[PDB]
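Asker: To be precise about what I am sending: the file is called query07.cif and holds mmCIF, N, CA and C atoms.
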data_query
#
loop_
_atom_site.label_atom_id
_atom_site.label_comp_id
_atom_site.auth_asym_id
_atom_site.auth_seq_id
_atom_site.Cartn_x
_atom_site.Cartn_y
_atom_site.Cartn_z
N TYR A 1 18.60 23.30 4.57
CA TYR A 1 19.46 23.14 3.38
C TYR A 1 20.74 22.38 3.73
N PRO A 2 21.34 21.63 2.79
CA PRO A 2 22.61 20.92 2.98
C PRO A 2 23.82 21.87 3.00
N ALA A 3 23.86 22.75 4.02
CA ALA A 3 24.91 23.74 4.26
C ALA A 3 24.88 24.21 5.72
N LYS A 4 26.00 24.01 6.44
CA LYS A 4 26.25 24.21 7.88
C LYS A 4 27.49 23.46 8.39
N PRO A 5 27.59 22.12 8.25
CA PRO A 5 28.75 21.36 8.71
C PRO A 5 29.94 21.54 7.76
N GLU A 6 30.55 22.73 7.78
CA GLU A 6 31.73 23.07 6.99
C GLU A 6 33.02 22.51 7.63
N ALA A 7 33.14 21.17 7.66
CA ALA A 7 34.31 20.46 8.16
C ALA A 7 34.39 19.01 7.64
N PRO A 8 35.59 18.40 7.57
CA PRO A 8 35.75 17.00 7.19
C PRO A 8 35.29 16.06 8.31
N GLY A 9 34.36 15.16 7.97
CA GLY A 9 33.82 14.14 8.87
C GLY A 9 32.74 13.34 8.16
N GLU A 10 31.62 14.00 7.85
CA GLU A 10 30.48 13.41 7.15
C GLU A 10 29.70 14.47 6.34
N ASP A 11 29.69 14.32 5.02
CA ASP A 11 29.03 15.18 4.04
C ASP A 11 27.97 14.40 3.27
N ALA A 12 26.75 14.36 3.81
CA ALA A 12 25.62 13.68 3.19
C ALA A 12 24.31 14.41 3.56
N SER A 13 23.28 14.32 2.70
CA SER A 13 21.97 14.95 2.96
C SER A 13 20.96 13.89 3.44
N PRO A 14 20.01 14.22 4.33
CA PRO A 14 18.97 13.27 4.72
C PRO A 14 17.96 13.07 3.59
N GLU A 15 16.86 12.36 3.88
CA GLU A 15 15.79 12.02 2.93
C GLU A 15 16.25 10.82 2.10
N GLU A 16 15.74 9.63 2.44
CA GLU A 16 16.06 8.34 1.80
C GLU A 16 17.44 7.81 2.21
N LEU A 17 18.49 8.63 2.13
CA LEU A 17 19.84 8.30 2.59
C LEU A 17 19.84 8.06 4.11
N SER A 18 19.53 9.09 4.91
CA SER A 18 19.52 8.92 6.38
C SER A 18 18.46 7.91 6.82
N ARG A 19 17.51 7.56 5.94
CA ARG A 19 16.54 6.50 6.15
C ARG A 19 17.21 5.14 6.35
N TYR A 20 18.41 4.93 5.77
CA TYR A 20 19.21 3.74 6.02
C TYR A 20 19.79 3.78 7.43
N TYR A 21 20.46 4.88 7.79
CA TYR A 21 21.09 5.05 9.10
C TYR A 21 20.05 5.05 10.22
N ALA A 22 18.97 5.82 10.09
CA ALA A 22 17.90 5.93 11.09
C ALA A 22 17.17 4.59 11.31
N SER A 23 16.86 3.86 10.23
CA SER A 23 16.26 2.53 10.28
C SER A 23 17.22 1.51 10.90
N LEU A 24 18.47 1.44 10.41
CA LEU A 24 19.50 0.56 10.96
C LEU A 24 19.80 0.91 12.43
N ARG A 25 19.77 2.20 12.77
CA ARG A 25 19.88 2.73 14.13
C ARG A 25 18.79 2.20 15.04
N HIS A 26 17.58 1.96 14.53
CA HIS A 26 16.47 1.43 15.33
C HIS A 26 16.83 0.09 15.95
N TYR A 27 17.16 -0.91 15.11
CA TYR A 27 17.63 -2.22 15.56
C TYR A 27 18.85 -2.08 16.47
N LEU A 28 19.85 -1.31 16.06
CA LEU A 28 21.04 -1.03 16.88
C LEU A 28 20.69 -0.35 18.24
N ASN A 29 19.52 0.28 18.37
CA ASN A 29 19.03 0.92 19.59
C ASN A 29 18.52 -0.12 20.60
N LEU A 30 17.58 -0.97 20.18
CA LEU A 30 17.08 -2.05 21.04
C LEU A 30 18.13 -3.14 21.31
N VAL A 31 19.18 -3.19 20.50
CA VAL A 31 20.36 -4.04 20.67
C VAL A 31 21.39 -3.45 21.62
N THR A 32 21.57 -2.13 21.61
CA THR A 32 22.46 -1.45 22.55
C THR A 32 21.88 -1.47 23.95
N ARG A 33 20.59 -1.14 24.13
CA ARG A 33 19.91 -1.11 25.44
C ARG A 33 20.22 -2.32 26.32
N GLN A 34 20.24 -3.52 25.73
CA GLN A 34 20.62 -4.78 26.40
C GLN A 34 21.92 -4.67 27.21
N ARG A 35 22.91 -3.91 26.72
CA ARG A 35 24.16 -3.55 27.40
C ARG A 35 24.58 -2.12 27.07
N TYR A 36 23.78 -1.16 27.54
CA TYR A 36 24.04 0.28 27.43
C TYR A 36 24.32 0.87 28.82
#
Here is the file; what I need is its structure written in the form of structure tokens.
Answerer:
Amino acid sequence: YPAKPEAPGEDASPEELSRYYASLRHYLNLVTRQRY
């Protein structure tokens, strides 16, 4: 459930939304490895 992170930082639920971050994270992953 969308309840646990009771603090100011990031308040968003996964499913379709985190699909943007997780997908964009993929490219950013093989791009970071080059200089990680």
Asker: Please compute the atom N of residue 9 (chain A)-atom N of residue 27 (chain A) distance, one decimal, in Å.
Answerer: 24.6 Å
Asker: Just the number, please: distance in Å from CA of residue 31 (chain A) to CA of residue 13 (chain A), one decimal.
Answerer: 26.0 Å
Asker: Give me every helix (DSSP H, G or I) residue in chain A, going by DSSP on the backbone, as a list in words.
Answerer: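 After running DSSP on the backbone, chain A has helix (DSSP H, G or I) at residues 18, 19, 20, 21, 22, 23, 24, 25, 26, 27, 28, 29, 30, 31, 32 and 33 of chain A.
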Asker: Residue 12 (chain A): which residues within 12 Å, counting only C-alpha atoms, same-chain residues fewer than 4 positions away excluded, as a PyMOL selection string?
Answerer: chain A and resi 1-6+8+16-19+21
Asker: Restricting the output to N, CA and C atoms, write the selected residues as a PDB file, keeping the file's coordinate frame.
Answerer:
ATOM      1  N   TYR A   1      18.600  23.300   4.570  1.00  0.00           N
ATOM      2  CA  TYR A   1      19.460  23.140   3.380  1.00  0.00           C
ATOM      3  C   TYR A   1      20.740  22.380   3.730  1.00  0.00           C
ATOM      4  N   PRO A   2      21.340  21.630   2.790  1.00  0.00           N
ATOM      5  CA  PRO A   2      22.610  20.920   2.980  1.00  0.00           C
ATOM      6  C   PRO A   2      23.820  21.870   3.000  1.00  0.00           C
ATOM      7  N   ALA A   3      23.860  22.750   4.020  1.00  0.00           N
ATOM      8  CA  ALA A   3      24.910  23.740   4.260  1.00  0.00           C
ATOM      9  C   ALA A   3      24.880  24.210   5.720  1.00  0.00           C
ATOM     10  N   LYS A   4      26.000  24.010   6.440  1.00  0.00           N
ATOM     11  CA  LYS A   4      26.250  24.210   7.880  1.00  0.00           C
ATOM     12  C   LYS A   4      27.490  23.460   8.390  1.00  0.00           C
ATOM     13  N   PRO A   5      27.590  22.120   8.250  1.00  0.00           N
ATOM     14  CA  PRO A   5      28.750  21.360   8.710  1.00  0.00           C
ATOM     15  C   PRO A   5      29.940  21.540   7.760  1.00  0.00           C
ATOM     16  N   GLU A   6      30.550  22.730   7.780  1.00  0.00           N
ATOM     17  CA  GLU A   6      31.730  23.070   6.990  1.00  0.00           C
ATOM     18  C   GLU A   6      33.020  22.510   7.630  1.00  0.00           C
ATOM     19  N   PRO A   8      35.590  18.400   7.570  1.00  0.00           N
ATOM     20  CA  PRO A   8      35.750  17.000   7.190  1.00  0.00           C
ATOM     21  C   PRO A   8      35.290  16.060   8.310  1.00  0.00           C
ATOM     22  N   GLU A  16      15.740   9.630   2.440  1.00  0.00           N
ATOM     23  CA  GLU A  16      16.060   8.340   1.800  1.00  0.00           C
ATOM     24  C   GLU A  16      17.440   7.810   2.210  1.00  0.00           C
ATOM     25  N   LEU A  17      18.490   8.630   2.130  1.00  0.00           N
ATOM     26  CA  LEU A  17      19.840   8.300   2.590  1.00  0.00           C
ATOM     27  C   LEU A  17      19.840   8.060   4.110  1.00  0.00           C
ATOM     28  N   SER A  18      19.530   9.090   4.910  1.00  0.00           N
ATOM     29  CA  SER A  18      19.520   8.920   6.380  1.00  0.00           C
ATOM     30  C   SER A  18      18.460   7.910   6.820  1.00  0.00           C
ATOM     31  N   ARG A  19      17.510   7.560   5.940  1.00  0.00           N
ATOM     32  CA  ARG A  19      16.540   6.500   6.150  1.00  0.00           C
ATOM     33  C   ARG A  19      17.210   5.140   6.350  1.00  0.00           C
ATOM     34  N   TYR A  21      20.460   4.880   7.790  1.00  0.00           N
ATOM     35  CA  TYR A  21      21.090   5.050   9.100  1.00  0.00           C
ATOM     36  C   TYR A  21      20.050   5.050  10.220  1.00  0.00           C
TER      37      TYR A  21
END
Asker: Work out how far atom C of residue 15 (chain A) is from atom C of residue 29 (chain A), in Å to one decimal.
Answerer: 21.6 Å
